[PDB]
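> this is the structure alone, sequence omitted:
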């Protein structure tokens, strides 16, 4: 009937201690279930096999299958930690706001680490270990965001492959919510994740859609005014089932602030709770 | 909390008591929950009211209409059981392993009736009912099994590979009660994909083929694309469709959203919902098949 | 010991005085009317958040057998006692500052009562009397302005102020007139709150200290109700009280005499309201409007001579 | 059923004492009545 | 285990004094993204001018233009559901009691200058439903409201996640136990197939009807009480609304043959053109002899315009032999229909699904 | 957390005169006269407009003055407002309503203050007639108590249901909560009053218990935010009278070049001086 | 800011790049041996 406490580096560099104190309020990912998770990040990108190591899917799966933890103040000599995953519940937890997007209480929220552009992270030269903070967004808004990202990537690929320009100005593309402006696809450079890791997934989705629409258009419509030809259909069904299973639904997070402020900005007093 | 109480019928004891003792960590499932639980409405009710007893559709319907029930250690005093709706887990509800392949923590294993090798049947002399043992077959295995079944049904209008292991299977064309439902669902899904985005996607087929000359992924994409790459080059198709509403709204976003929604709906309909995630403690997660496996509530 | 009183009101027999004429009018009979009032309610809540370190330290039950944990526990209990004392003092100060002012809407009696006792004999006014009263009110509100502030250097308006006020003051009730008097035997009037500079100016100008008597009697006690009375009140729902009308700390306090009135001034500008997030009360506001012409001319023509 | 009255008595200076005494008397009367009913049923 | 959320409210759009304790309220959201996405939602099938005029007159009718319009920061969060429930109860073949209940409601809570605002809101919602903007993505669920207080244009609205009906014991009135009464006159009768003995953990489905008729499109509140999962209920809503689904499909088709290419692709010795495509010497000279098929996309530009199912799995009850009870009371001269629903718990996640099978 | 709550009740025993208040002080000024424009273009309906090439020029001309104006894309929808700019130490700007009246105006009436409403009204008739209150303010056919021969002034500004009630009052849901709010609307609609036993309480509650209608924190004269706590009084909001300030046709006479003592001229050629109704000349050097 | 009626006061030296800014400003000091003093630089750069 005990708990697990993280290690405390005693007599460290003043810069390292200052950085740890500054990042103390930031969310810290939980360690492994059994003993410890220190070389997992290093070994995650070890199978480069003479090329870019696919790590987006692996990190997404790790974040979905791993819980979180809340750290406390640092005291020289003794360290205290709190965990509500498999240990004992705690009477309220304080976590600083991280996601710049506005959030509303009384609604179910999900967790999904972004992979487009850049994300906040902490890295130390003398440590060599980096931690990526996932962004928490509601599922309803997340679905629209990912759909818009997929559409923008598809249109960018079409423009880059067709040679001639094909972008048609359909109007303003600025999303405004509670006085906050959010502009997407404001640039067409330094795209290190647009067609690097999700390119294979979007290509598979596109070819599956193409084969399905061809198969239905072959004989299905009738009111409009040695090869069994089944292995391809079976493979398409298997890939569709696999992607549906790997899509996942991580709705376990919730926000509930007692008499909190209306506007929300990074650096406020929020609460963390589950359902 | 709330729990389902199981009664003990009289004038019967030895055979069922021995079977329960041998089962140990084996669990069962219940359809209707009330103040008291019976034993007739598990197998006889499922196999009745149909005339010809089926093996796939009726079992799937019973599993969908049923719930999750666990069995703890049986005491000579009375029968004890716990429900999944409560949030107060108690150690002692560990179940046994009934899969030839070992499992590990980190997989969302669902439930499905045993179809690759059926299951053992125990004859009861007091009432005359059988007990169905749940299995932990991986999701991809049942997905490819149902894909083969629907392909065979479409053809009407047998060998699988798993890490080098192959074995002969049986046919599933004796019952057509679900074939019409599958045909209707696939017809509706195909009729839900009449959008114009596929033309735009196919407009980039030559460009993708040119770009893939040095990509190196053709050796892996050939197996998954054996007829689409041939049918896409056999149709001329309008290269530049006339613009009617592209100057006001982007149409590819709506088609992508609809495709994602229908794919998620099809996945939810086919794979249904699982029960719980299996997690073990103390020793390593590698557990020999056919032995005791630790099961906790997350 | 109250849960649902439905805004109870005490009962008393008070008859307003009436004038007597005995002129050209026959014998009449007295007429009286009964009215009801309402009772308001107020509440105040306080909180003091704390971390889990205090409870973790207090939930050890001497698990190590040393003096360090005992010292930590004693410092924690001392800190929590100090915090409790501080929040109690803050709550007391808040209630003290909230107790001042309950009728600020009708607080100024002069501008709303002087014409009533100056021109209206009994409140019955005809058209000409109403017009005269309206003209007098408009003249007063047009000529008053800040005349008293402008002529504050002349210390002779106090006599006029008291002469005007003596025609509007009426005696209070006599039944519930229990109060604490000084050694001289003169009943007090009330408590006046003013700024420190105003109090100093009044003390240097008129108010002279001549009395020294301070006491803090504790006579309210804690009344209790018998079980029989409680049950006989709760069987029907209505709660009864009374049934008697058959037929430590030291704080300085002084008093002053200004003739026929005994009013004491108690101002605490530096003692309290120090380093407090609550703003100073009694800060009112006024509104006014102005009208100006733009391109106006006379109608006639034989005026530029 | 005994959970409702027990919870009301547990989770909720003369009115409170009288209410507690009345609740205790009612609980004792109910217990006596249920014991008599059980004895009659057994007989 | 107890969580509370504090929200602000106004007086010109909500009067907490009339509403009693134990009521159920739903939190809305500002349409900041909806006013921008309506252009894409309306699509080329309809015009956005009607929606623009509707939102313009809605903003004009709404008070405090300096706060609302682009953010729900200083707006009334809690909104009474009685008005919308009564408004949407007209199409229920039961109006004798509704008219009697609404005659006093309009006289007391309404009057003054409210008919114009009510008509403006009704026409705005009719235009929103007609244009298929899907405004149901802002409806949530909350617990009972047993506490309310307001001093000056500020209501301290508080709520809880679960329901402590069996453990609150406020003892602030003559009653001994708390209760939560909410009218359920819009409860759809779905017992025609479950009239037999059915007991257990019944599930409540919040189904929204989305009709696609001619000038009679609207969303009406509906309730259900039956122990069912997401598959059987979906199949029931699929093959039980067949007539209205077919009518909507026929109305929405506001407007092409087979092809033998499959046979020639299946048989061997198929004409393959890969080296020529790679070289590019016949990029356009080889596709001129292919099958054009004379395809046209004018037959059906969109297919998601026939959605009629918006059920949400919100609300659970483990009590056996469920049976609603309706009594009669008075609030000073006007009776109110109240249902005794106390000593129950609720919970679960929202599942907004758009099914058009 | 430890939360403690204790209900408290307070009763009263003095129905008559008990409270005494007498204050006379001045603080730092907060707002002064303004020179801002008005959002007349925000009509939301009216005569159709098709001359875009001239309307854009008119908008540019009216925006080049330096007053408040919308952004470049012309956001006619929503509640978009221009960003607040810096301001010198002069006070808070305010709107200035314009009333069209004949130039011929009596000098005595201007000297003795004017009524923005047009005619004084009084509800002290004990409800003798429901239409009596409206008759005395919208009759314009009987002699007034202020004019021995005339009845009402500004015949081109005071009306019944053509100009006054159409624009100055605001009906058919046309008032709203726009920043350009008329301060005279608070005493335009009589609305409904409550009854009591004596008239003293009625006049006390009529002359008091007045809440604020705007905020002085911003120079744009925005509406009062919900939840604010402030107290203010409007003595001139019920008297229907406002004394004119110290103004003159020419500043040469007001400059007081001679200084020292002061004089009084009865008849002059074109120079006239009006004494201020508020004797505040000795407070602060003006 | 002061008088909204007019645009600005002294437009010839109100752009931070005028003749005075080119000559002295507060940190330019382009002269070789001119006898500069404190007021020639304190009138343009009032510290930070």
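Okay, I see it. Residues are numbered from 1 along each chain as shown, chains lettered A, B, ... in the order given.
> chain E contacts on the stretch 51-200 of chain A?
Applying CB under 8 Å from any CB of the partner chain, we find that the stretch 51-200 of chain A lies next to chain E at A:104-108, A:140, A:171-172, A:174-179. Using the backbone N, CA and C atoms, a C-beta is placed for each residue, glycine as well.
> looking at those, which are in helices?
Counting by DSSP state H, the part of those found in helices is residue A:140.
> among the residues of the stretch 51-200 of chain A next to chain E, which ones are in strands?
Of those, the ones assigned to strands by DSSP state E are A:108, A:174-177.
> now do the helices in the chain.
Here I'm looking at chain A. Counting by DSSP H, the helices of chain A are A:14-22, A:40-44, A:56-65, A:139-162, A:199-219, A:231-247.
> hmm, I had chain F in mind actually
Under DSSP H, chain F gives helices at F:52-63, F:107-111, F:132-138, F:199-207, F:236-239, F:251-254.
> put together a markdown table for these, with distance to chain D and mean neighbour count on each row.
A markdown table is the format used below for the helices of chain F (distance: least, CB to the nearest CB, whole Å; neighbours: other CB atoms under 10 Å in any protein chain shown):
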| stretch | distance to chain D | mean neighbour count |
| --- | --- | --- |
| helix F:52-63 | 67 | 11 |
| helix F:107-111 | 71 | 13 |
| helix F:132-138 | 55 | 15 |
| helix F:199-207 | 39 | 15 |
| helix F:236-239 | 51 | 17 |
| helix F:251-254 | 77 | 11 |
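> closest to chain A out of those?
helix F:52-63 (19.7 Å; CB to the nearest CB).
> now for that closest one, which elements pack on it?
Helices and strands touching helix F:52-63, as assessed by 3 or more CB pairs under 8 Å, 6 or more residues apart in numbering or on different chains; DSSP states H and E, are absent.
> so which residues of chain C form strands?
For chain C, the strands defined by DSSP E occupy C:40-42, C:45-46, C:191-192, C:264-265.
> could you dump the helices of chain A into JSON lines with distance to residue F:82 and mean neighbour count added?
Shown next, in JSON lines, are the helices of chain A (distance: least, CB to CB, whole Å; neighbours: other CB atoms under 10 Å in any protein chain shown):
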{"stretch": "helix A:14-22", "distance to residue F:82": "39", "mean neighbour count": "12"}
{"stretch": "helix A:40-44", "distance to residue F:82": "51", "mean neighbour count": "12"}
{"stretch": "helix A:56-65", "distance to residue F:82": "45", "mean neighbour count": "15"}
{"stretch": "helix A:139-162", "distance to residue F:82": "30", "mean neighbour count": "17"}
{"stretch": "helix A:199-219", "distance to residue F:82": "44", "mean neighbour count": "19"}
{"stretch": "helix A:231-247", "distance to residue F:82": "46", "mean neighbour count": "17"}
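> what's the closest of these to chain F?
Using CB to the nearest CB, the helices of chain A put helix A:139-162 closest to chain F, at 21.2 Å.
> quick check, that closest one touching chain B?
Yes. For helix A:139-162, a contact with chain B is found by CB under 8 Å from any CB, at A:143-144, A:147-148, A:150-151, A:154-155, A:157-158, A:161-162.
> which ones are touching the residue of chain C found nearest chain A?
Proximity to chain A, evaluated over chain C using CB to the nearest CB, is greatest for residue C:52 at 6.8 Å. By CB atoms under 8 Å, 6 or more residues apart in numbering or on different chains, the contact set of residue C:52 is A:82, A:90-91.
> next one: residue E:290
By CB under 8 Å, 6+ apart, the neighbours of residue E:290 are B:234-236.
> intersect those with the contacts of chain A.
Okay, of those, nothing touches chain A (CB under 8 Å from any CB).
> dump those residues into JSON lines; add distance to residue C:45 as well.
What follows is these, written out as JSON lines (distance: CB to CB, whole Å):
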{"residue": "B:234", "distance to residue C:45": "78"}
{"residue": "B:235", "distance to residue C:45": "74"}
{"residue": "B:236", "distance to residue C:45": "77"}
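> returning to that earlier point: narrow the residues of the stretch 51-200 of chain A next to chain E to those that are buried.
Among those, those classed as buried by 16 or more other CB atoms under 10 Å in any protein chain shown are A:104-108, A:175-177.
> among the contacts of residue C:52, who's most crowded?
residue A:82 (16 neighbours; other CB atoms under 10 Å in any protein chain shown).
> so how far is stretch A:56-68 off the chain centroid?
Relative to its chain's centre, stretch A:56-68 lies at 9 Å (CA atoms, centre = their mean, to the nearest Å).
> what does stretch A:154-172 give?
In this view, stretch A:154-172 has its centroid 27 Å away from the chain centroid, taken as CA atoms, centre = their mean.
> endpoint to endpoint, that stretch covers what distance?
Taking CA to CA, to the nearest Å, the span from the opening residue of stretch A:154-172 to its closing residue is 19 Å.
> and chain F, is it touching that?
No. With CB under 8 Å from any CB as the criterion, chain F is not reached by stretch A:154-172; the gap is at least 8.9 Å.
> now do stretch E:61-71
Yes. Counting by CB under 8 Å from any CB, chain F is contacted by stretch E:61-71 at E:61, E:63-70.
> in ChimeraX, select just the buried ones from these.
A single ChimeraX command is used to select the members of the residues of stretch E:61-71 next to chain F judged buried by 16+ other CB under 10 Å:
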select /E:61,64,65,66,67,68,69,70
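> now the residue nearest the centre of chain A, nearest residue through space, not along the chain?
Geometric centre of chain A, nearest residue: residue A:113, 1.6 Å, by CA atoms, centre = their mean. Spatial nearest neighbour of residue A:113, chain neighbours left out: residue A:134 (3.7 Å); criterion: CB to CB, 6 or more residues apart in numbering or on different chains.
> closest approach to chain F from the stretch 1-150 of chain E, which residue is it?
Counting by CB to the nearest CB, the stretch 1-150 of chain E gets nearest chain F through residue E:69, at 3.7 Å.
> count the residues that sit near the residue lying closest to residue C:36 once chain neighbours are set aside.
Spatially, and ignoring its direct neighbours in sequence, residue C:36 is nearest to residue C:9 (6.5 Å; CB to CB, 6+ apart). Residue C:9 has 14 neighbouring residues, counting by other CB under 10 Å.
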